[PDB]
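Notes for the structure review
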Amino acid sequence: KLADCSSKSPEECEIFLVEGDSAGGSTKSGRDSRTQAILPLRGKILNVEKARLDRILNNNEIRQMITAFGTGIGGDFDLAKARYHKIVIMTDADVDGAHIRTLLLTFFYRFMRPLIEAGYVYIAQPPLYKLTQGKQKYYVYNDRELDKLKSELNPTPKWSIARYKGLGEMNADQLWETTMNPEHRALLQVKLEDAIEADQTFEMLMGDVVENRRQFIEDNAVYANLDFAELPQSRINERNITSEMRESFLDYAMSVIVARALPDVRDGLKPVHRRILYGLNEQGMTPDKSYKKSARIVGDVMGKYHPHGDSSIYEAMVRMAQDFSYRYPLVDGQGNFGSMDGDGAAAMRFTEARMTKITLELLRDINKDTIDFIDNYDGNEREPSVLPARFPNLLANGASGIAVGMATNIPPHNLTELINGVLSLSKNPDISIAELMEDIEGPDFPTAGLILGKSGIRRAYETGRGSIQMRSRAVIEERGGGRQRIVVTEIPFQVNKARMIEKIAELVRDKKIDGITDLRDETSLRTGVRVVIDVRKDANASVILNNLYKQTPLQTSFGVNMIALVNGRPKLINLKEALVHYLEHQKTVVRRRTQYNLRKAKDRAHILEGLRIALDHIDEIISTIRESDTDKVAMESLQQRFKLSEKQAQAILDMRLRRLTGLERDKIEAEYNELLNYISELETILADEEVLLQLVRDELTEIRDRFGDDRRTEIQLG
Amino acid sequence: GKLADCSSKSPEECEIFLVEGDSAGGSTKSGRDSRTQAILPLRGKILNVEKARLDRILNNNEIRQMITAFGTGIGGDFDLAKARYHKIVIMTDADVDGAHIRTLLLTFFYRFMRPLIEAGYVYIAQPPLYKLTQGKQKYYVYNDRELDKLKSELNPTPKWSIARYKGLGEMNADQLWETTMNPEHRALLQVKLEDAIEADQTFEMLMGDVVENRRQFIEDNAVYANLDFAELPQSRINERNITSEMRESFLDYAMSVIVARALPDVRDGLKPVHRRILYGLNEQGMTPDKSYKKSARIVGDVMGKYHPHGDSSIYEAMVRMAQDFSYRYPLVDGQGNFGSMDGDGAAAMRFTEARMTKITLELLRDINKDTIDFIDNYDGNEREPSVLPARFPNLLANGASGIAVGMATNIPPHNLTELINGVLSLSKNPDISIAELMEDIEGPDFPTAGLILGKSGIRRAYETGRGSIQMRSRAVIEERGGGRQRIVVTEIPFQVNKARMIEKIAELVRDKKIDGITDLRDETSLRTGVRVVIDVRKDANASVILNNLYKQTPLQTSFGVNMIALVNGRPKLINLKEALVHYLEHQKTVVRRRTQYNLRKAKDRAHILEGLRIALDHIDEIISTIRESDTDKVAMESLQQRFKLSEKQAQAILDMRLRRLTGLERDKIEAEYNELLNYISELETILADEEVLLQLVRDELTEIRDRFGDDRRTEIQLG
DNA sequence: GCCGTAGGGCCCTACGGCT
DNA sequence: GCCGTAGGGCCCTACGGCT
Ligand SMILES: COc1ccc2ncc(C#N)c(CCN3CCC(NCc4cc5c(cn4)OCS5)CC3)c2c1
């Protein structure tokens, strides 16, 4: 797969390790054929710190680098017989590019150690944006720097900001004239200072020990601050190996945390999800209108909101639509959206999809100045930092995904429960954990099934950590003539039916369990979930069954770990703080959704007041306009001689003729007097903290009766 | 393996489906009665076992797979008692490629599996390809023809809710178990065999290697209209002659391939895929002034609206259109790694962005003033265009090079100032001859430039539609000292892999089948043009080796012309003159109806302003007349009876804003009122005189020749 | 191992006309 | 065994908490 140059002189010869063949495209085009070589890798590479001796060598890419440098490794190294005297590390400039760097560097160190020291290893720096302002072009290398500048350029003659998710996305000359041309390039030399301090740093971030890694996050983080970026960064183009690993790994881990794996506490959506649901609402794809194809929403959410490859956007939009994964689906689906047998939905190309009615409630009131918008990834479009979520989607559905130094897992809850539960907290602020558990009995799943005890549920709700045991629903039925058989008709959340059956059949071939004649899956669309275990003559099933809960996954544990995002930060929280934050949302939403309904009833009546005057001094107005000539001077004639403002003169001249009927004069005073009542219901909702929190209560009772459904998981007490 | 079997292991009750791929082979696992119904996904088209050498099929992956699941053996060792299903259902997606797939399956079945068909084992399920809905009524339908019939057989006062079904993935497992797999409702067809020699006659004919025989076939059972062609009675039994399934399925497919996939219309020189991309670029305001948009965004847009087939071919075609070494005049704009001469494709949709070239606007010029014809799309939710206003001879400009069924096209790109000069010559003299046109149109003009040998090949091409041209890489010979020399290649023959080309060269040298050479270096780079180097062994002869290479490699390669296109709906082989007249004809009409449109809307705007003239001059009496009108219906039937104003007049009067009762805005009217009565004039003239119009068309093709007119690249060595 | 967002990229196959 | 539209699809990797 390697692409080499013409030369065979190690001194001047070099090599750019790139992400892929896609990015390594622009690379082979803008290079100098005589002296620069390219090596296409594949995505993230094996973090050699964690994996073993035999498996580190069987890695195909690690061998293509070994061969290419032609040195061997460990103690059979030989820096004498090296093909290139410059190993450049050119990874895409976005965050994931840096996590690559760190792996490559990791590898370089533990095997090709003497190479970093002799200064042969290097780091390339390709841009990640290109702001334009006339003849002015700027090159910013990460989201943080773009914040700064996007606010330093007072002038504002309009910008056209680019952005370069890959290397494949640059013209093959932008990538010579910013990254490869040995007369402009800011190539950074990898130098080794303090070998004892490297070995701690590697162990910290590439080492198995998860804790020290997390510590290291809360130690070095920086959340909402623009005051960062400071400063000098010495005008020399070398970099300390530690000074960089330390940085680039964190620039990564922070990103994976604030906007990737974990949910906001209000809406409860990781960013990919929140974007999809918005991108649906935008393009109009609502529940009343036809299904729209899936590569039309996935290609449209990519190019408008969310800069990452499809097999992430789609496989995510999918779950949101499944009834076995989302307790309350947010996406209605047409097509093969996959099964509980581990098989996955049919490709983007086939399936169609829209909103569910319940996802309109997340977006209710979103265009009405409630939540805040941040510019998308390229300054062309306007997107949401969070949605008005008029239900606690965080709990209601609950998410779970792996980050760095921390992971999360939150079970889904019944909504009538969650709402009866929040209504009680707005009544009583001082509420106790145990009291809330009268309304909110605990996890309600999609899959149904059973939970064995509040001993592990109570633990979770109180702290945020607790093991919950899950047992499937199973009947011991008989079929006459002497024999019994088992029937499972509900299963544990997140369990591969067909993978389980295998681990059951496995223990039978291997005689690790006795009394089973045959195994069978009889599940099908009309008989719901149904797995049948044929059991031997009489030998008591109750013991094999109570053996099946033990050995296999007919019984497993939800390891809870409630870690959401509160005010931009990864805070581990409990049942109560989840509701206090989510209700603070509703309180704030419904608040601004009144300051908005207010300033509009205000200017509309500001309008109407000029409308009523032009009616009863009518023929005075007409000969006032007709005498006038231009539109610049027709504003003047009515602002002076009738005492009317500007937004009251324009909306008078802009008015049509059909309004001059004798019926609309008496329809205005009655629409105007529908306003003075409507404004009276606003100003005494702002000066009254209580009538508004009352109103929130009113809307959420509505949300509960319209959508709120029955329990699925039965809790077996004791 | 790869096979999801069923519970019961008793053949005579157990059936296995064969679906196209895992995607729709899971809309099935989720529909099935896992007790008796077994699924085996394939993986798209499986090989055509007639066009195949025996030892190959015994090494194909999805054939060894079916043999196992049946469990019967093949040919001479085929045993029928050993079968594990007594119903092998062919169940492939509803579309036209599931048609093709179906013929390749039966063809295999018939070749080695004959005994299996012959005892009523092989069946054929019928999955819907549509689902129109008029309130209560849910009708299904299984091809595009059957749908046109039904869209003219309904009193459309319900308004349709048509839904398509690209595959089985697009189907919820219930509405597929129902319609297609339920022993209660389902309508499987049993595969019977009649005259064995009349079967064997359709297999070596349809799925054979006799290209002529198969085209003839097409030309005979054609149908293109198709008006309202035959029905009845489809014998109310669920049987089906094999020798008939080959004929309609294969034909009904080669039909779709030919008229709407792999062959270019003549009026705009575009396959349907292309037309679809460029239209969709036009729909999103993705013109050359606004920014580049991510590839996924367009391709995902074009696919859900216009072209229901894979991204992989929508993209790769969108790429060919944007790269300067294939499209002589690129119609798309490249921002990214959009490939190289070396045979290396672009970067997945998520990387690259794009928009229209300026030249593409000419194609899509006037597409909105009613000039070309607007059809429905594949799901009847929206409008798409049948063909573009193509304001330049795109077919010949850029050409095309696609493979249909039974036939194949190949047209080379031409220089554009040549083409319009050639078209202008035709407009002045309907009878102008081939030779006379070849004084403007010297020959093919490539993006790789280079040379051609003679016109005796060019000339056969243009006068019939067939002919063979020879293509010469632009070589040159130079010295590097002292005494020794070397050969430099600045341009290469349109459409060869400059890397495999070099590779080939190297091969003849590593195995000693050509003498003279010593070193071979590729030295092309972005900044310094194309350039490939050969080192001469001193004293040896350079002209001899350069000639030797032309023969023994793709240094000298040949483009055989085959000018086949879609004329008036059908595959016609055409010459240079025909290609121009039809295109000119198109250009004549496109203009004629633009003019018509402008005029209708010029009179519609004129009757408006006319009632706005009774309105302003008579401004006063209307005040008194509206201040008395109460309702809205009474304020209309007033100014109709008192000022002879139509309904669109008393209307566009109640529609009026008071800000126009100002002083200067009584002249804005008359000033452009007269300008309009005079503008109406300019158009009726164009419409009444055939030549006045035709002259206008001339000056518009001229306008365009000066803007996008550019030098020739390919040179024409005389011989 | 396995979950869920994210990096990354390769093979079969049909079809016609040509060395 | 290649030109270009079309059918179809599977695999390596990181990251953290738990059997
Ligand atoms: C599917 O099974 C295999 C087997 C081997 C492979 N080897 C190399 C590669 C690659 N690259 C793929 C990728 C194939 N897939 C990757 C995902 C692509 N995604 C489709 C898609 C659709 C749209 C889109 C982007 N991608 O934007 C708007 S609509 C389709 C090709 C393979 C896939």
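Method of determination, as given in the entry header: X-ray crystallography; reported resolution: 3.50 Å.

Residue and element names in this part refer to chain A. Taken as a whole, this structure holds 113 salt bridges over all chains when the rule is applied. A salt bridge links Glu477 to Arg530; the shortest N-O distance between them is 3.5 Å. Note that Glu477 is positioned in strand β16 (residues 473-478) and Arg530 in the loop between β18 (516-521) and β19 (531-535), a separation of 53 residues in sequence. Here the salt bridges share partners, and the residues they tie into one network are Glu361, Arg364, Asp365, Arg390, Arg593, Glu699, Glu702 and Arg706.

Below, the discussion takes up the packing of helix α3 (residues 97-112) of chain B against helix α7 (residues 196-206) of chain B. The relative placement of two packed helices comes down to the angle between their axes together with the axis-to-axis distance. All names here are of chain B. Two elements in contact, α3 and α7, have axes whose closest approach is 11 Å; the angle formed by their N-to-C orientations is 130°. Viewed along their axes, α3 and α7 adopt a mutual orientation that is oblique. Here α3 runs over α7; the crossing is left-handed. In this structure, α3 contributes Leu106, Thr107, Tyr110 and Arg111 to the contact, and α7 contributes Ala196, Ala199, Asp200 and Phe203. Class assignment of the residues belonging to the contact of α3 with α7 gives a composition of five nonpolar, one polar and two charged.

Okay, the site of the ligand next. Taken together, A:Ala295, A:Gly299, A:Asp310, A:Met348, B:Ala296, B:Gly300, B:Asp311 and B:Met349 form the complete shell of residues around the ligand. The ligand sits at the junction of chains A and B, each of which supplies nearby residues. A distance of 2.8 Å separates a nitrogen atom of the ligand from a polar atom in the side chain of A:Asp310. Burial of the ligand by the protein chains amounts to 38% of its free accessible area of 690 Å². Its residues placed into classes, the shell around the ligand shows four nonpolar, two polar and two charged.

Considering the arrangement of structural elements, one finds A:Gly24 in helix α1 (residues 23-30). On a C-alpha basis, the gap between A:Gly24 and A:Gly166 in space is 9.7 Å, while along the polypeptide they are 142 residues apart.

Surveying the vicinity of DNA strand C reveals 44 residues, the closest of which are A:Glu19, A:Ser22, B:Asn48, B:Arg56 and B:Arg350. Here, DNA strand C places atoms within 4 Å of the protein, and 91% of those atoms are sugar or phosphate. A:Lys44 has a polar backbone atom sitting 3.5 Å from a base nitrogen of DNA strand C. Here a phosphate oxygen of DNA strand C and a side-chain polar atom of B:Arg214 are 3.0 Å apart.

Residue and element names in this part refer to chain A. According to the domain assignment, chain A contains domain 1 (1-240), domain 2 (257-463 + 562-597 + 687-718), domain 3 (464-561) and domain 4 (598-686). Centre-to-centre, using C-alpha coordinates, domain 1 lies 38 Å away from domain 2. Counting residues at the interface gives ten residues for domain 1 and twelve residues for domain 2. Counting every contact that joins domain 1 to domain 2 gives one salt bridge. Along the contact surface separating domain 1 from domain 2 lie one residue pair in polar contact. For the side of domain 1 that touches domain 2, the secondary-structure elements that each account for two or more residues are α4 (95-111) and α8 (210-220). When the residues that make up the side of domain 1 that touches domain 2 are grouped by side-chain class, the tally is six nonpolar, no polar and four charged.

In this section: the protein's contact with DNA strand D. Around DNA strand D, 44 residues are found, and the nearest of them are A:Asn47, A:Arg465, B:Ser23, B:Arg43 and B:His307. Each atom of DNA strand D within 4 Å of the protein belongs either to a base or to sugar and phosphate, the latter forming 89%. A:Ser557 is positioned such that a nitrogen or oxygen atom in its side chain is 3.1 Å from a phosphate oxygen of DNA strand D. B:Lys271 places a side-chain nitrogen or oxygen 3.3 Å from a phosphate oxygen of DNA strand D. Of all elements in the fold, only α8 and β20 (555-561) of chain A together with α10 (272-283) and α12 (311-320) of chain B reach the threshold of two or more residues within the surface near DNA strand D. Per-class residue counts for the surface near DNA strand D are twelve nonpolar, 16 polar and 16 charged.

Residues and elements named next belong to chain A. Ordered in space as β2-β1-β3, the three strands form an open sheet in which the pairing is parallel. Looking at strand neighbours, the two that pair on one side only are β2 (36-40) and β3 (87-90), the edges of this open sheet. Each strand axis lies, on average, 25° off the axis of its neighbour in the sheet, ignoring direction. Where strand β1 (residues 14-18) lies against β3, four bridges are found, and the strand directions are parallel. Bridge assignment links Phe16 to a residue of β3, and that residue is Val88.

Right, let's get into the state of the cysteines. Residues and elements named next belong to chain B. In total, this model carries zero disulfides over all chains according to the counting rule given. In this model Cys14 remains outside any disulfide bridge; the closest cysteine sulfur is found in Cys6, 3.6 Å from its own. Judged by relative accessible area, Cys14 falls into the buried class, the value being 1%.

The amide bond that connects A:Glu230 to the next residue, A:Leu231, takes the cis arrangement and shows omega of -10°. Along the chain, A:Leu231 falls in the loop between α8 and β8 (238-240). The amide bond that connects B:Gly481 to the next residue, B:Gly482, takes the cis arrangement and shows omega of 0°. Among the structural elements, B:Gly482 can be located in the loop between β16 (474-479) and β17 (485-491). Within the chain, A:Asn567 stands out as a residue other than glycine whose phi angle is a positive 40°.

This part covers the nonpolar core. If you look at the biggest cluster of nonpolar residues, it comprises 151 residues, and the most contacted ones within it are A:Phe391 and A:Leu579. If near-sequence neighbours (up to four positions away) are discounted, A:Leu579 is found in contact with A:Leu395, A:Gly421, A:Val422, A:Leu425, A:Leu436 and A:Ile440. Counting residues in hydrophobic clusters, the runner-up holds 59 residues, among them B:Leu18, B:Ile46, B:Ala99 and B:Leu206.

All names here are of chain A. Among the residues of helix α3 (residues 60-69), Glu61, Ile62, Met65, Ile66, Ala68 and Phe69 are the ones counted as buried. Viewed end-on, α3 has its buried residues packed into an arc of 170°, placing them on one side of the element. Packing partners of the buried residues in α3 comprise β1, β2, α2 (53-57), β3 and α4. At the N-terminal end of α3, a side-chain oxygen is found 3.1 Å from the backbone nitrogen of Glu61, two or three residues along, and the residue is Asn59.

Here we take up the side chain of B:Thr36. Residue and element names in this part refer to chain B. Along the chain, the position of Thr36 falls in the loop between β1 (15-19) and β2 (37-41). Given the relative accessible area of 12%, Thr36 is considered buried. Discounting chain neighbours no more than four positions away, the residues touching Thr36 are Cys6, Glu13, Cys14 and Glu15.

So, on to the side chain of A:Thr408. Residues and elements named next belong to chain A. Summarising the element assignment, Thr408 is placed in the loop between α13 (393-397) and α14 (415-427). Among the residues examined, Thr408 registers a relative accessible area of 6% and is labelled buried. Among the polar contacts made by the side chain of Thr408, one reaches the main-chain carbonyl oxygen of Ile563 at a distance of 3.0 Å. Excluding anything up to four places from it in sequence, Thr408 contacts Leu262, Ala399, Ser400, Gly401, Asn561, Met562 and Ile563.

Pairing between the strands of a sheet is mediated by backbone hydrogen bonds and can be parallel or antiparallel. Residues and elements named next belong to chain A. Strands sit in the order β20-β15-β14-β23 across an open sheet of four strands; the sheet is mixed. If you trace the sheet from one side to the other, it starts and ends with β20 and β23 (714-716), each paired once. When strand polarity is set aside, the average angle formed by the axes of neighbouring strands in this sheet is 35°. Sheet analysis places strand β14 (residues 450-452) next to strand β15 (residues 465-471), joined by two bridges and oriented antiparallel. Within β15, the residue paired with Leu450 across the bridge is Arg471.

Rules and cut-offs
Residues numbered from 1 in each chain as written, not as in the entry; some residues may be left out. Chains lettered and ligands numbered in written order. Heavy atoms only, no water. Residues with missing side-chain atoms left out of burial classes, pairs and counts. Salt bridge = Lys/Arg side-chain N within 4 Å of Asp/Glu carboxyl O. Helix = DSSP H or I, 4+ residues; strand = E, 2+ residues; numbered from the N terminus. Axes fitted to C-alpha atoms, helices over the stretch in contact; angles between N-to-C directions. Parallel < 35°, antiparallel > 145°, perpendicular 65-115°, else oblique. Left-handed = near helix turned anticlockwise from the far one by under 90°. Contact = heavy atoms within 4.5 Å. Nonpolar A, V, L, I, M, F, W, Y, C, P; charged D, E, K, R; others polar. Near = heavy atom within 4 Å. Polar contact = N/O pair within 3.5 Å; in protein donor to acceptor, adjacent residues only side chain to side chain. Areas by Shrake-Rupley, 256 points an atom, 1.4 Å probe, with all protein chains shown as cover. Domains from an automatic or database assignment. Pairing = 2+ DSSP bridges. Disulfide = S-S within 2.5 Å. Buried < 20%, exposed > 50% of the residue type's maximum accessible area, 1.4 Å probe, protein only. Core = buried A, V, L, I, M, F, W, Y, C linked by side-chain atoms within 4.5 Å. Arc of directions from axis to C-beta.

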